[PDB]
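**Q**
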Amino acid sequence: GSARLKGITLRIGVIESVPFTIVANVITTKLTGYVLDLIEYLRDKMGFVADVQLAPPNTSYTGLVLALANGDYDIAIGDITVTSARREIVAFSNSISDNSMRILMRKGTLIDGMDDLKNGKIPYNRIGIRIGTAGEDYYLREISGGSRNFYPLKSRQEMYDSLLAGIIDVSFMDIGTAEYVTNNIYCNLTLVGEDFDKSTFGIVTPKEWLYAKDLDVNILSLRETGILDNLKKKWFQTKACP
Amino acid sequence: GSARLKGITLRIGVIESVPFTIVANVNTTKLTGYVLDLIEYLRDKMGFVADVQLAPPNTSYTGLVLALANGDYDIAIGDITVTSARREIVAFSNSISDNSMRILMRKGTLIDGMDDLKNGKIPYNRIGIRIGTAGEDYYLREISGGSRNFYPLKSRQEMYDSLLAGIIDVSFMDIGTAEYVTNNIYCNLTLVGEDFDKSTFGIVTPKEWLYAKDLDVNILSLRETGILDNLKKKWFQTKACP
Ligand SMILES: N[C@@H](CC(=O)O)C(=O)O
Ligand SMILES: N[C@@H](CC(=O)O)C(=O)O
Ligand SMILES: [Cl-]
Ligand SMILES: [Cl-]
Ligand SMILES: [Cl-]
Ligand SMILES: [Cl-]
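Those protein sequence lines, which keep their order, are chains B and A. Residues 1 to 27, 34 to 248 (the authors' numbering) are what the first sequence spells out, left to right. Residues 1 to 26, 33 to 248 (the authors' numbering) are what the second sequence spells out, left to right.
1. Distance, Cα to Cα, residue 3/B vs residue 218/B?
2. Closer than 9 Å by beta-carbon distance: list the chain A residues that pair up with residue 219/B, in chain order.
3. Give the straight-line distance between the Cα atoms of residue 72/A and residue 95/A, rounded to the nearest whole angstrom.
4. Please list, in chain order, the residues of the region 79 to 91 of chain A that have any C-beta partner in chain B closer than 9 Å.
5. Do you know how far the Cα of residue 35/B is from the Cα of residue 107/A?
6. Can you name the start and end residues of the alpha helix (DSSP H) that residue 163/B belongs to?
7. With residue 10/B as the anchor, note down where its beta strand (DSSP E) starts and where it stops.
8. Give the single residue among 211/A, 64/A, 45/A and 68/A whose Cα lies nearest to the Cα of residue 57/A.
9. Would you say residue 222/A faces chain B, with C-beta separation under 7 Å as the test?
10. List the residues that DSSP assigns as beta-bridge partners of residue 23/B.
11. Between which two residues does the beta strand (DSSP E) harbouring residue 58/A extend?
12. Can you tell me whether residue 175/A is buried or exposed, with buried defined as 16 or more other CB within 10 angstroms of its CB?
13. How is the beta strand (DSSP E) around residue 67/B delimited, first residue to last?
14. One question on the structure: do residue 141/B and residue 98/B come within less than 7 Å of each other, judged by their Cβ atoms?
15. Using the beta-carbon of each residue, which ones in chain B are nearer than 7 Å to residue 104/A?
16. Quick check on the DSSP output: the alpha helix (DSSP H) that includes residue 145/B runs from which residue to which?
17. Any idea if residue 153/A is buried or exposed, counting beta-carbon neighbours within 10 angstroms, 16 or more meaning buried?
18. Could you check the C-alpha separation between residue 87/A and residue 20/A for me, to the nearest Å?
19. What in chain A is Cβ-close to residue 226/B, meaning under 7 Å?
20. Cβ of residue 85/B within 7 Å of Cβ of residue 242/B?
21. Less than 8 Å between the CB atoms is what I'm expecting for residue 156/B and residue 138/B, so what's the real figure, rounded?
22. Below 6 Å, is the gap between the Cβ of residue 185/B and the nearest heavy atom of ligand 6?
23. Can you name the residues of chain B whose CB is closer than 7 Å to the CB of residue 206/A?
24. Please name the residue or residues paired with residue 183/B in a DSSP beta bridge.
25. With distance defined between alpha-carbon atoms, name the residue in 102/A, 143/A, 123/A and 117/A nearest to residue 210/A.
26. Can you check whether the C-beta of residue 230/B is within less than 7 Å of a C-beta belonging to chain A?
27. Mapping DSSP to helix, strand and coil, what is residue 214/A?
Structure, rendered in structure tokens:
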């Protein structure tokens with residue numbers, strides 16, 4: 001059957017990613039961003055108690071999904087890509103956003119786009135890929151014919167640091183955060199080529215979840231009334247870099 | 001619980017909409039299009055037995071959803087918009103396509119965008135709306151404050167004929183089919199303004215369906231491997247108009 005979430009306490013997994021989920025050390035931690043605002047909209051509308059739980063550091067996106075599937079959270083909200091492999095083990099709400107990926111590199115690097123990766127212009131071990139991301143599965147399917155021959159990265163920070171230090175030549179990033187970081191944080195990083203892997207972000211829930219309909223109806227309502235677009239503008243329509 | 005669809009007969013509701021589901025006579035009816043190709047892809051991967059059932063000629067999109075909810079079909083596949091109100095009574099698969107709407111008009115008409123409809127540049131009886139479509143709920147929320155004061159249309163054909171005959175000045179149409187019709191069939195109709203009501207198309211299923219996971223995993227696999235993009239290119243890239 002089904003039921004409403006009013007009165008229910010949800011352990012909500014979130015995962016650090018600026019400006020979706022922003023973690024500030026203050027003197034304890036304070037969370038802000040698109041995700042926290044979305045949670046407030048849902049909490050206010052649906053009446054659950056939000057127990058927001060930040061995933062341990064270097065928890066991967068796949069790791070978060072697996073932790074939820076094992077019972078560690080009730081839902082997980084973030085820049086979490088809906089994939090076939092994940093859908094085998096968890097359900098997803100209606101999509102909160104479209105998504106695609108872009109190629110991230112250091113400015114001045116002689117790469118014109120994806121054909122340069124697919125034609126072997128870049129040594130495979132100088133392509134950095136964040137393990138436990140949807141981008142890893144894309145790489146393995148479309149670039150390397152299944153071979154794990156990329157330079158593995160444990161976090162976005164390692165991705166940025168390795169690019170800037172010249173340890174890797176390129177990586178992949180979701181478009182929203184890719185634009186955000188290159189337009190606001192690392193002015194010397196840039197995006198190149200057409201976007202790829204058109205996909206979506208969804209809220210992760212247990213399979214056959216009692217509260218599936220309540221959540222979906224609410225997400226769709228926020229879509230239809232322009233709230234999701236408002237939140238995207240609020241958090242993403244900014245550019246500090248000259 | 002859950003089950004796989006292999007060997008199981010699915011009654012699949014489809015609805016006329018070129019080039020998603022294209023209906024030809026000779033007496034017998036022949037069906038072709040993106041939808042029919044998609045059914046074949048899913049059938050081959052999942053192993054179900056497809057019992058494809060064209061909805062009666064005058065069936066509306068809301069009517070199709072309600073027919074499914076009533077048990078008249080097992081799933082429905084088409085250019086069917088995922089909306090909050092529909093999600094109250096049926097579930098939807100992971101999206102098969104993004105969607106948005108555009109303003110449809112005769113070439114030459116002096117309309118800049120949605121502002122003209124909101125500012126009252128157009129008499130309400132000269133705005134045609136196809137009843138029982140998602141666009142009707144958009145009109146009611148954004149334009150008329152709940153009043154059904156539009157020129158009601160019973161079909162796309164009535165929409166085109168009424169625009170060409172000058173009985174109405176504008177209507178709304180989903181972008182995929184709007185581009186197709188104005189680029190191939192009605193060369194003297196055109197689209198104007200920014201797209202609006204960003205949404206998705208999904209396969210309609212019963213709520214709490216036994217087979218939800220099997221279907222979603224397979225749809226996401228078709229997305230990831232590029233089949234959905236191939237199908238879109240195949241059916242929508244054409245442009246016959248000079
Ligand atoms: N959206 C990706 C994470 C990332 O690329 O940052 C995922 O869910 O795996
Ligand atoms: N996609 C619309 C139908 C249409 O606009 O042709 C719906 O599901 O209501
Ligand atoms: Cl959706
Ligand atoms: Cl499920
Ligand atoms: Cl989706
Ligand atoms: Cl449901």
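Even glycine gets a Cβ: it sits at the ideal position worked out from N, Cα and C.
**A** Let's see:
1. 8 Å
2. 93, 94, 97, 213 and 214
3. 8 Å
4. 88, 89, 90 and 91
5. Cα-Cα distance, rounded: 43 Å.
6. For residue 163/B, the uninterrupted alpha helix (DSSP H) segment begins and ends at 162 to 171.
7. 9 to 14
8. 45/A
9. yes
10. 37/B
11. 55 to 60
12. Residue 175/A should be labelled buried.
13. Element bounds for residue 67/B: not the beta strand (DSSP E) but the alpha helix (DSSP H), 67 to 75.
14. Their beta carbons are not under 7 Å apart, which means residue 141/B does not touch residue 98/B by this criterion.
15. 104
16. 140 to 148
17. exposed
18. 13 Å
19. Chain A residues near residue 226/B: 88, 89, 90 and 93.
20. No, the Cβ-Cβ distance between residue 85/B and residue 242/B is not below 7 Å.
21. With a Cβ gap of about 13 Å, residue 156/B and residue 138/B do not count as contacting.
22. no
23. 101
24. Answer is none; residue 183/B lacks a bridge partner.
25. 102/A
26. yes
27. coil
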